[PDB]
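J.: So that we are looking at the same thing, I have put the structure below in structure tokens.
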Number of protein chains: 2
Amino acid sequence: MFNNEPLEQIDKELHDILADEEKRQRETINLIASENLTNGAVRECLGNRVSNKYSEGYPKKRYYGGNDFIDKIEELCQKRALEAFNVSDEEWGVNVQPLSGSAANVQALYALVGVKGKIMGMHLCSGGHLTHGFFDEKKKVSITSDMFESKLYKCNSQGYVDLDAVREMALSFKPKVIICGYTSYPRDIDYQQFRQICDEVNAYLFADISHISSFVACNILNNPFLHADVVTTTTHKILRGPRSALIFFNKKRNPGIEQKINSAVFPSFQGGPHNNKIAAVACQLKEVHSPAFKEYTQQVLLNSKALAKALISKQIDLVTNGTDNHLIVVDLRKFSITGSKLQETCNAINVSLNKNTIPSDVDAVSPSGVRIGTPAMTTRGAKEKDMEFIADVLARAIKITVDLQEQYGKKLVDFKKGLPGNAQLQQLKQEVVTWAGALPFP
Amino acid sequence: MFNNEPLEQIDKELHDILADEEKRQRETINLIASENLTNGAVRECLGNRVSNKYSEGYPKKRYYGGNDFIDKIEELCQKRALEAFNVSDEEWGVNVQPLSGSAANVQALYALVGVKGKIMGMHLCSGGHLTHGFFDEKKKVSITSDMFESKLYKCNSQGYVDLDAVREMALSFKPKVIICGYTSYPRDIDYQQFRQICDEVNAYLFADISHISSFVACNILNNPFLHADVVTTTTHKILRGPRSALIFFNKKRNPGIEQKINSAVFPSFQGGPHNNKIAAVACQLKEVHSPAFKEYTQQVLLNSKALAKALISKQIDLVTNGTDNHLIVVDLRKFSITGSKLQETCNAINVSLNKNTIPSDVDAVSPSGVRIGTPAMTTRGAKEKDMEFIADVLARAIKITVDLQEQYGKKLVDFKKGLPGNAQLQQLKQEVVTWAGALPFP
Ligand SMILES: Cc1[nH]nc2c1[C@](c1cc(-c3ccc(S(=O)(=O)N(C)Cc4ccccc4)cc3)cc(C(F)(F)F)c1)(C(C)C)C(C#N)=C(N)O2
Ligand SMILES: Cc1[nH]nc2c1[C@](c1cc(-c3ccc(S(=O)(=O)N(C)Cc4ccccc4)cc3)cc(C(F)(F)F)c1)(C(C)C)C(C#N)=C(N)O2
Ligand SMILES: Cc1ncc(COP(=O)(O)O)c(CNCC(=O)O)c1O
Ligand SMILES: Cc1ncc(COP(=O)(O)O)c(CNCC(=O)O)c1O
Ligand SMILES: [Cl-]
């Protein structure tokens with residue numbers, strides 16, 4: 001007693017919009033630092049009937065029965081996860097149930113500190129996440145600033161983490177958790193020094209490595225696992241998995257942490273796991289461990305370095321004057337345009353990037369940069385030599401933006417009026433579509 | 001720079017377990033009240049490349065660009081949702097971003113009351129959810145009893161909501177939210193009397209209709225939308241959708257609620273939505289509105305009534321002595337066996353059901369019932385006449401359970417020892433597998 005006819009027949013209206021979405025992705029230079037493209041195997045898992053199963057609890061300690069094949073899936077996911085990040089299952093545990101990165105962080109913080117507990121993270125404006133304690137004068141914007149008592153440390157005027165300030169804050173504020181690992185930070189992190197501060201104050205060290213996970217896995221950047229009590233990561237960014245997350249906890253350094261984190265995930269916050277997600281994560285975590293994926297991750301860094309260099313060669317400034325990872329933050333002040341304006345221009349030409357604050361922006365009302373990253377275009381086969389074209393396109397867009405602002409004014413309402421029907425953008429859009437459209441697409 | 005080998009080739013180990021999981025679902029009489037089987041169209045959506053897109057915020061108010069087709073999908077999902085539950089978009093709004101039921105509820109509760117806010121829900125043991133404020137004297141088990149101050153009302157000795165108790169408690173406790181709608185409640189709810197109590201104390205009315213959502217939609221049961229401030233529902237149980245959830249909020253009764261709920265979901269709790277989920281929900285909410293799905297929902301009720309009646313005809317007792325909805329709770333005291341024991345027996349015969357507390361249970365360590373429901377088996381094409389066979393299988397399992405307890409003792413360790421190799425269970429399993437295997441399968 002059900003309908004079995006395909007999506008195209010069952011719901012033509014939805015299928016058209018989806019096929020358009022697919023056309024837009026195929027014909028876009030995607031530079032969103034946190035985005036990637038899943039292969040067809042990850043997506044076969046996500047559409048698997050394993051999501052019919054209610055399997056609350058954990059393997060072998062399940063509330064319901066019928067869970068033998070689910071238990072093997074979740075266990076194959078935890079194992080593949082600890083292996084992928086080169087940690088021993090005797091020293092480290094992992095939870096594979098968090099539904100996304102924000103959930104994973106809120107659950108992990110709760111486990112460590114509880115309600116009213118004190119936390120320290122990087123301010124949003126300097127490159128931290130919303131879930132690292134973010135608030136405004138006007139509001140406790142993240143539950144992490146409301147259910148917990150948070151204090152935020154800023155980067156310096158050059159965009160680097162200021163460890164002397166983190167200490168100044170940590171010693172006076174006395175948090176139980178200090179969060180490092182960030183959303184738009186173009187450099188590597190000094191975890192040993194974070195660990196040194198956390199010891200002085202008796203705090204936990206929490207590393208959120210969602211943006212740099214593949215670099216940590218493949219041994220290309222610093223290893224937070226040598227120093228952290230807790231490491232979280234999303235599975236969908238550079239890792240190229242499904243939308244999901246992982247919480248790692250150090251058993252050796254804190255026995256009884258396994259119970260705290262597991263119980264924080266369920267039943268404190270979640271109910272039934274999404275086993276299609278867990279399967280998909282298993283599938284990608286296998287690919288992660290292969291030598292082919294290390295080559296991909298290496299290619300991501302090489303592209304990022306070449307893109308930075310090509311941008312610098314065209315007199316464009318970068319926060320920290322370069323990158324050690326997959327992402328670049330462009331400082332647009334010298335052209336006297338906002339990131340908000342350049343995003344709009346880049347949209348008009350099928351270039352996806354996002355506006356991003358730089359250290360000299362006091363408010364975040366109007367950020368003065370944009371964030372770009374290479375994992376998505378590296379997945380589509382772009383090599384170092386293709387980065388000059390991407391830089392060329394970005395430089396042409398910055399220039400068009402400057403032209404449009406002269407003609408239409410500095411107010412965003414007015415600026416956008418210039419965007420439709422500009423001949424240069426249509427020319428450039430066309431060039432983007434031809435190059436993007438022919439690249440491999442999983 | 002990716003691997004596009006299919007799942008079977010790319011990862012043979014995972015694919016084996018999945019196909020096994022598939023076979024077990026096909027060969028099981030599934031009576032878990034909260035489970036169902038998604039059609040191929042819902043599952044195509046879940047495997048769609050739309051989950052590559054980061055789309056933080058809400059339609060027309062996104063942080064990033066390239067979100068035009070995502071905006072159409074999310075807007076179509078909201079529209080189809082409001083329509084399905086026969087509410088005007090002028091008076092009701094809906095948020096379609098919650099990743100699951102428990103998230104939906106913690107988010108909605110937070111929006112209404114905030115941290116340290118007072119809430120009232122049905123105790124777990126009486127049929128409420130974990131997220132309705134569940135705690136133990138030992139521990140604040142749900143985040144809903146820790147980030148909020150919760151009070152729990154019990155059902156009477158017959159399994160019914162005692163409204164006089166709800167008023168006694170509401171007048172003295174003075175909560176700002178009272179939660180109704182339940183996880184194992186076999187009867188319809190008197191929302192008007194809840195609304196009367198809520199007005200009497202100035203509290204909000206929160207209806208969680210996850211288990212009865214289709215009955216509310218198809219106009220078979222009482223309509224909470226006539227009386228509630230907030231209605232939440234999962235999309236994966238009787239509704240037959242993906243694993244996701246919906247928060248409905250009454251604008252007319254509460255101007256300013258829309259901002260509170262929307263901001264509670266993001267950026268308070270969540271980050272990026274899962275667009276494959278939102279797509280999947282759109283796809284199912286269209287099926288929901290059709291008359292064919294009303295025929296399904298009616299068939300669920302007819303099967304549930306026939307199953308209750310066939311169990312009574314075999315001298316098995318039910319909590320509340322019957323059902324108004326899709327689920328039954330069997331009281332096993334007269335056979336001197338625990339639900340825990342009957343679940344194990346039913347597992348051995350490919351009958352999925354779950355143990356469940358009854359009013360006479362105090363400790364909750366060993367519950368004296370099992371909960372069964374009909375949505376899953378109704379989706380597989382069972383009709384009223386088929387419920388006699390299900391009732392006969394369940395009565396035989398109860399009897400075998402009784403026989404095993406006498407031979408092996410009343411301790412669960414010992415009981416299990418009797419289970420493998422028992423000729424009657426193997427004969428009964430065989431019968432189940434044959435009947436189940438032949439039923440239609442989406
Ligand atoms: C969206 C998001 N999530 N996590 C991230 C980012 C971005 C980010 C967040 C925000 C943000 C997100 C939420 C708030 S808010 O306080 O919650 N509120 C909604 C303000 C508001 C009120 C009315 C109308 C619009 C906005 C405030 C700021 C803003 C930006 C922008 F570029 F606009 F300045 C960027 C970024 C990667 C998109 C980022 C930065 N920079 C980093 N570090 O982390
Ligand atoms: C799993 C779950 N989620 N929401 C639901 C249900 C069930 C439920 C929850 C629980 C439950 C879930 C969590 C806790 S706990 O306090 O968090 N903790 C894990 C202590 C513990 C540890 C080991 C053994 C017992 C207790 C306590 C009890 C127990 C049952 C049982 F049948 F055993 F009594 C049932 C049910 C649908 C499975 C249900 C009932 N009855 C209803 N009303 O709501
Ligand atoms: C460091 C970090 N942690 C957690 C999250 C949350 O993941 P979910 O979106 O799955 O909740 C993000 C997402 N950051 C968004 C971006 O960089 O575009 C992140 O950058
Ligand atoms: C009334 C109610 N509300 C919320 C939820 C939470 O849904 P998620 O599992 O998607 O978090 C449940 C699940 N109850 C589980 C069961 O009846 O088997 C529920 O019964
Ligand atoms: Cl999903």
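Quick note on naming: the chains in the structure tokens go A, B, ... in the order shown, residues restart at 1 in each chain, and ligands are numbered from 1 in order of appearance.
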Write as a PyMOL selection string the residues around ligand 2, taking 7 Å as the cut-off and counting only C-alpha atoms and all ligand atoms.

T.: (chain A and resi 56+63-64+267+271) or (chain B and resi 124-130+135-136+141+183-184+354-357+364-367)

J.: Take the residues just selected and output them with N, CA and C atoms as a PDB file, in the first residue's frame.

T.:
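Final file, selection-v2.pdb:
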ATOM      1  N   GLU A  56      18.174   3.507  18.779  1.00  0.00           N
ATOM      2  CA  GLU A  56      18.603   4.346  19.906  1.00  0.00           C
ATOM      3  C   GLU A  56      19.579   3.636  20.843  1.00  0.00           C
ATOM      4  N   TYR A  63      18.350  -0.173  22.814  1.00  0.00           N
ATOM      5  CA  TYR A  63      17.031  -0.279  23.418  1.00  0.00           C
ATOM      6  C   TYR A  63      16.173  -1.272  22.695  1.00  0.00           C
ATOM      7  N   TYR A  64      16.263  -1.295  21.375  1.00  0.00           N
ATOM      8  CA  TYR A  64      15.427  -2.175  20.553  1.00  0.00           C
ATOM      9  C   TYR A  64      16.299  -3.265  20.001  1.00  0.00           C
ATOM     10  N   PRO A 267      21.236  10.037  25.891  1.00  0.00           N
ATOM     11  CA  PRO A 267      19.945  10.625  25.525  1.00  0.00           C
ATOM     12  C   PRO A 267      19.824  12.103  25.846  1.00  0.00           C
ATOM     13  N   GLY A 271      17.960  11.554  19.898  1.00  0.00           N
ATOM     14  CA  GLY A 271      17.235  10.317  20.006  1.00  0.00           C
ATOM     15  C   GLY A 271      17.827   9.333  19.013  1.00  0.00           C
TER      16      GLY A 271
ATOM     17  N   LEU B 124       8.214   9.914  31.310  1.00  0.00           N
ATOM     18  CA  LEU B 124       8.642   8.872  30.353  1.00  0.00           C
ATOM     19  C   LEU B 124       7.869   7.565  30.523  1.00  0.00           C
ATOM     20  N   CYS B 125       7.916   7.016  31.731  1.00  0.00           N
ATOM     21  CA  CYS B 125       7.156   5.819  32.138  1.00  0.00           C
ATOM     22  C   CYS B 125       5.644   5.786  31.852  1.00  0.00           C
ATOM     23  N   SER B 126       5.004   6.951  31.802  1.00  0.00           N
ATOM     24  CA  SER B 126       3.596   7.079  31.449  1.00  0.00           C
ATOM     25  C   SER B 126       3.342   7.294  29.958  1.00  0.00           C
ATOM     26  N   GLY B 127       4.402   7.446  29.156  1.00  0.00           N
ATOM     27  CA  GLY B 127       4.264   7.571  27.703  1.00  0.00           C
ATOM     28  C   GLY B 127       4.792   8.839  27.061  1.00  0.00           C
ATOM     29  N   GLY B 128       5.372   9.748  27.843  1.00  0.00           N
ATOM     30  CA  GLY B 128       6.012  10.930  27.287  1.00  0.00           C
ATOM     31  C   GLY B 128       7.374  10.638  26.658  1.00  0.00           C
ATOM     32  N   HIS B 129       7.920  11.619  25.942  1.00  0.00           N
ATOM     33  CA  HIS B 129       9.266  11.503  25.389  1.00  0.00           C
ATOM     34  C   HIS B 129      10.349  12.000  26.331  1.00  0.00           C
ATOM     35  N   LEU B 130      11.564  11.523  26.068  1.00  0.00           N
ATOM     36  CA  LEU B 130      12.783  11.979  26.767  1.00  0.00           C
ATOM     37  C   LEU B 130      12.892  13.496  26.752  1.00  0.00           C
ATOM     38  N   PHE B 135      13.811  13.379  33.583  1.00  0.00           N
ATOM     39  CA  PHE B 135      14.904  13.183  34.530  1.00  0.00           C
ATOM     40  C   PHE B 135      14.637  12.009  35.472  1.00  0.00           C
ATOM     41  N   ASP B 136      15.680  11.671  36.219  1.00  0.00           N
ATOM     42  CA  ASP B 136      15.665  10.706  37.315  1.00  0.00           C
ATOM     43  C   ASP B 136      16.095  11.446  38.575  1.00  0.00           C
ATOM     44  N   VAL B 141      18.522  13.434  32.838  1.00  0.00           N
ATOM     45  CA  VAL B 141      18.790  12.531  31.725  1.00  0.00           C
ATOM     46  C   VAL B 141      18.703  13.245  30.357  1.00  0.00           C
ATOM     47  N   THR B 183       4.803   9.466  23.261  1.00  0.00           N
ATOM     48  CA  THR B 183       5.550   8.421  22.501  1.00  0.00           C
ATOM     49  C   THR B 183       4.889   7.058  22.588  1.00  0.00           C
ATOM     50  N   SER B 184       4.306   6.703  23.718  1.00  0.00           N
ATOM     51  CA  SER B 184       3.551   5.473  23.765  1.00  0.00           C
ATOM     52  C   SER B 184       2.246   5.694  24.492  1.00  0.00           C
ATOM     53  N   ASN B 354       8.925  -3.326  20.949  1.00  0.00           N
ATOM     54  CA  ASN B 354       9.757  -2.855  22.049  1.00  0.00           C
ATOM     55  C   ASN B 354       9.062  -2.935  23.367  1.00  0.00           C
ATOM     56  N   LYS B 355       9.857  -3.189  24.392  1.00  0.00           N
ATOM     57  CA  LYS B 355       9.361  -3.212  25.744  1.00  0.00           C
ATOM     58  C   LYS B 355       8.906  -1.831  26.139  1.00  0.00           C
ATOM     59  N   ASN B 356       7.938  -1.783  27.034  1.00  0.00           N
ATOM     60  CA  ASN B 356       7.292  -0.528  27.396  1.00  0.00           C
ATOM     61  C   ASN B 356       6.741  -0.618  28.821  1.00  0.00           C
ATOM     62  N   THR B 357       6.942   0.432  29.596  1.00  0.00           N
ATOM     63  CA  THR B 357       6.369   0.516  30.932  1.00  0.00           C
ATOM     64  C   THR B 357       4.818   0.580  30.941  1.00  0.00           C
ATOM     65  N   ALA B 364      11.102   1.255  36.324  1.00  0.00           N
ATOM     66  CA  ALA B 364      11.495   1.406  34.901  1.00  0.00           C
ATOM     67  C   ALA B 364      12.711   0.563  34.479  1.00  0.00           C
ATOM     68  N   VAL B 365      13.220  -0.267  35.394  1.00  0.00           N
ATOM     69  CA  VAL B 365      14.385  -1.103  35.118  1.00  0.00           C
ATOM     70  C   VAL B 365      13.884  -2.287  34.306  1.00  0.00           C
ATOM     71  N   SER B 366      12.775  -2.877  34.751  1.00  0.00           N
ATOM     72  CA  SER B 366      12.122  -3.974  34.051  1.00  0.00           C
ATOM     73  C   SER B 366      10.654  -3.614  33.838  1.00  0.00           C
ATOM     74  N   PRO B 367      10.293  -3.188  32.616  1.00  0.00           N
ATOM     75  CA  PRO B 367       8.914  -2.843  32.288  1.00  0.00           C
ATOM     76  C   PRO B 367       8.031  -4.053  32.008  1.00  0.00           C
TER      77      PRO B 367
END

J.: Identify, counting only C-alpha atoms and all ligand atoms, the protein, DNA and RNA residues located within 8 Å of ligand 3, and give them as JSON, numbers by chain.

T.: {"A": [32, 33, 34, 35, 99, 100, 101, 102, 103, 104, 105, 128, 129, 130, 131, 181, 182, 183, 184, 208, 209, 210, 211, 232, 233, 234, 236, 243, 244, 245], "B": [54, 56, 270, 271, 272, 273]}

J.: Go through A:162, A:168, A:91, A:295 and flag the residue nearest chain B, using only C-alpha atoms for the distances.

T.: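 Of A:162, A:168, A:91, A:295, the one nearest chain B, counting only C-alpha atoms, is A:295.
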
J.: Tell me which of B:268, B:158, B:214, B:426 sits closest to chain A, counting only C-alpha atoms.

T.: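 Closest candidate: B:268.
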
J.: What does the distance between CA of residue 401 (chain B) and CA of residue 358 (chain B) come to in Å, to one decimal place?

T.: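 Separation between CA of residue 401 (chain B) and CA of residue 358 (chain B): 19.0 Å.
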
J.: Under the rule that only C-alpha atoms and all ligand atoms are counted, which of B:2, B:415, B:296, B:266 is the nearest residue to ligand 1?

T.: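 Among the listed residues, the smallest separation from ligand 1 belongs to B:266.
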
J.: With only C-alpha atoms and all ligand atoms as the atoms that count, which of A:275, A:38, A:315, A:321 lies nearest to ligand 4?

T.: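 Between A:275, A:38, A:315, A:321, the residue approaching ligand 4 most closely is A:275.
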
J.: Can you work out which residues are within 10 Å of ligand 5, considering only C-alpha atoms and all ligand atoms, and then hand them over as a PyMOL selection string?

T.: (chain A and resi 43+45-48+51+99+242-244+274-278+280) or (chain B and resi 43+45-48+51+99+242-244+274-278+280)

J.: What's around region 221-226 of chain B at 6 Å? Count only C-alpha atoms, leave out sequence neighbours fewer than 5 positions away in its own chain, and write the answer as JSON, numbers by chain.

T.: {"B": [191, 215, 216]}

J.: Report the residues of region 54-280 of chain A whose backbone DSSP state falls under helix (DSSP H, G or I), written as a VMD selection string.

T.: chain A and resid 68 to 84 101 to 113 124 to 126 130 to 132 143 to 145 163 to 173 191 to 201 213 to 217 224 to 226 257 to 269 275 to 280

J.: Skipping near chain neighbours, those fewer than 4 positions away, what residues fall within 7 Å of region 253-263 of chain A using only C-alpha atoms, listed as an MDAnalysis selection string?

T.: chainID A and resid 93 95 108 111 229 249 267:268

J.: Which residues, written as a PyMOL selection string, have at least one atom at most 8 Å from region 331-345 of chain A, with only C-alpha atoms counted and residues fewer than 5 positions away on the same chain left out?

T.: (chain A and resi 316-319+352-356+358+366-370+397-398+400-402+405+412+415-416+419+425) or (chain B and resi 65)

J.: Write out the residues from the selection above, keeping C-alpha atoms, as a PDB file, in the first residue's frame.

T.:
ATOM      1  CA  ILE A 316      45.674  41.416  -4.247  1.00  0.00           C
ATOM      2  CA  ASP A 317      46.228  41.301  -0.454  1.00  0.00           C
ATOM      3  CA  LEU A 318      45.586  38.184   1.690  1.00  0.00           C
ATOM      4  CA  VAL A 319      45.003  37.992   5.462  1.00  0.00           C
ATOM      5  CA  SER A 352      30.574  30.909  -5.291  1.00  0.00           C
ATOM      6  CA  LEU A 353      32.545  32.446  -2.469  1.00  0.00           C
ATOM      7  CA  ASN A 354      31.513  34.117   0.801  1.00  0.00           C
ATOM      8  CA  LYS A 355      32.119  37.426   2.454  1.00  0.00           C
ATOM      9  CA  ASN A 356      34.317  37.254   5.526  1.00  0.00           C
ATOM     10  CA  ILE A 358      39.092  40.851   8.413  1.00  0.00           C
ATOM     11  CA  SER A 366      29.914  44.708   6.450  1.00  0.00           C
ATOM     12  CA  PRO A 367      32.951  42.425   6.193  1.00  0.00           C
ATOM     13  CA  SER A 368      35.910  43.678   4.180  1.00  0.00           C
ATOM     14  CA  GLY A 369      37.039  40.321   2.775  1.00  0.00           C
ATOM     15  CA  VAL A 370      36.011  37.162   1.087  1.00  0.00           C
ATOM     16  CA  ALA A 397      35.411  40.553 -10.837  1.00  0.00           C
ATOM     17  CA  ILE A 398      37.127  42.810  -8.348  1.00  0.00           C
ATOM     18  CA  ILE A 400      34.043  45.084 -12.448  1.00  0.00           C
ATOM     19  CA  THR A 401      32.909  45.602  -8.869  1.00  0.00           C
ATOM     20  CA  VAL A 402      35.023  48.764  -8.716  1.00  0.00           C
ATOM     21  CA  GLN A 405      30.416  51.091  -7.604  1.00  0.00           C
ATOM     22  CA  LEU A 412      24.183  47.882  -1.758  1.00  0.00           C
ATOM     23  CA  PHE A 415      25.034  48.645  -6.552  1.00  0.00           C
ATOM     24  CA  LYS A 416      22.987  45.512  -7.288  1.00  0.00           C
ATOM     25  CA  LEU A 419      24.581  43.876 -11.862  1.00  0.00           C
ATOM     26  CA  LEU A 425      29.768  40.062 -16.350  1.00  0.00           C
TER      27      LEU A 425
ATOM     28  CA  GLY B  65      24.695  32.884  -2.663  1.00  0.00           C
TER      29      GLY B  65
END
